[PDB]
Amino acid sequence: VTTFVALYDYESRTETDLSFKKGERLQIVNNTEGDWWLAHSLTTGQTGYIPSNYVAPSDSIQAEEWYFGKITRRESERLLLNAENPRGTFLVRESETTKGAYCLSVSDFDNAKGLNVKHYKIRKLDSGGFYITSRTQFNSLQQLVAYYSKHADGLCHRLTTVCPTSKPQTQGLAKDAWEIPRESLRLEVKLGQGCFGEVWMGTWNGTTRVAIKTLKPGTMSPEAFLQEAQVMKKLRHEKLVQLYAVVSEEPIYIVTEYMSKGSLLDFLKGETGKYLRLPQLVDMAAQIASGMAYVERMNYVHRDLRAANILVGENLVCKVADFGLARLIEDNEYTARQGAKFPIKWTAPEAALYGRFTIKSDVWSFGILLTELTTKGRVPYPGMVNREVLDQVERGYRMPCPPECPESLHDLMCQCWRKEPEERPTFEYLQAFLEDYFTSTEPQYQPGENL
């Protein structure tokens, strides 16, 4: 039995889970896998299931709060660049580029370029210790961090603050929680109404903050939704809003990961969206494409990909919400791709005309989503009423480049809007294109050369 250590506080939610405080030592049977692990507290003698992402093996590198594992350069920068972080906020991660090396990523401020993140490659060969510059070497990553927390000694700045992070979501609300009683949910704040129900911020079991989506009775068969929710449950990706639980009797409640900043559409139209620079909007597009690239790999279909169905969290994290749900709506008009409730302006013609919804009609919708992104949420097809959209699009009309949108992104939109589904790009390509859209000016890693 290896001893694990608690990375964060965890407050009990059920009767069979084990609550514990950060740093508490827990016994887990060695090669355990899964999202919830049976644990015995070495400090309180209490026992129960724990979320496995809340622990790391004692005196492992994973147990250091500044060790962030396989996080990407882009996602480390997102966390480091938060405005509340002082200069010298830092994390350590694996190098995506040199097997066996690490990277020290540090927030910094330069009088010409402003707030920026510097990355230092940490190397370790048998002929020595861990090092950024060969003149100064250490027995451990822990020693390297402690040394540079006292002197920049060649670094842009002294290490000061471990990069802060929110307590991670657990995967599921509890072991074996899925179909839950309505009473376990407390709806607190109504975030809005959609055509077919409402979105709430709430609490499960008095402990856990969740989003709750409620569907008007008559919207969809509870049995059909349960069968589909089995599939959606299995879609797990950092850029997809996780599906936690369901109340399966009408009115159906859908319990999901809470996203603190609301829908992308409102975000873009609101006060924070006023000031977004193009690199920020492109990074948001890249995150959406990454979630849809996962959906594409899993041979799934979203069916209603637009800014209203993207949710925003801290540091402009964007995630795709409500994937696959629109297939189940039992309204005859909407199912015919007609009526006030159907988003014809985001809908590929083969989907509207023939009901052929595929990953490639999601690519089309993504193209339209990009216009919302670059116009601060303006409705697509500025002059047109919904009634005329499909006839114009079928005749080959496409939106011209929005005035605020660069020509290169409009070229991308036009690819998404090719008449033939199999001529449109993949989400794999869309993600890659958007991630490499801007050619950076700085070198990837600071020249450790000599510091």
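Residue positions are given as counts along the sequence shown, with the first one as 1.
> Which is higher on average in the deposited entry, the C-alpha temperature factors of 283-291 or of 172-180?
According to the PDB entry, the answer is 172-180.
> Return whichever of 63-71 and 29-37 has the greater mean Cα B factor according to the PDB record.
Comparing averages over the C-alpha atoms only gives 29-37.
> Specify which of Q338, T371, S361, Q242 carries the largest Cα B factor in the deposited PDB entry.
The record points to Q338.
> Among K319, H237, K261, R135, which carries the highest Cα B-factor?
Out of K319, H237, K261, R135, the record gives the largest C-alpha B-factor to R135.
> Ranking every modelled residue in this chain by its Cα temperature factor as given in the entry, which third contains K274?
Highest third, going by the recorded CA B-factors of the chain.
> Compare the C-alpha B factor of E314 with those of the other modelled residues in its chain, then answer lowest, middle or highest third.
Its C-alpha B-factor, which the entry lists for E314, ranks in the middle third among residues of this chain.
> Comparing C401 with the other modelled residues of its chain, is its CA B-factor in the lowest, middle or highest third?
According to the entry, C401 has a C-alpha B-factor in the chain's middle third.
> Looking at the entry's B-factor column for C-alpha atoms only, identify whether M384 ranks in the lowest, middle or highest third of its chain.
Tercile = highest for this residue's CA B-factor.
> Relative to the other modelled residues of the same chain, rank the CA B-factor of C416 and answer lowest, middle or highest third.
Ranked within chain, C416 CA B lands in the lowest tercile.
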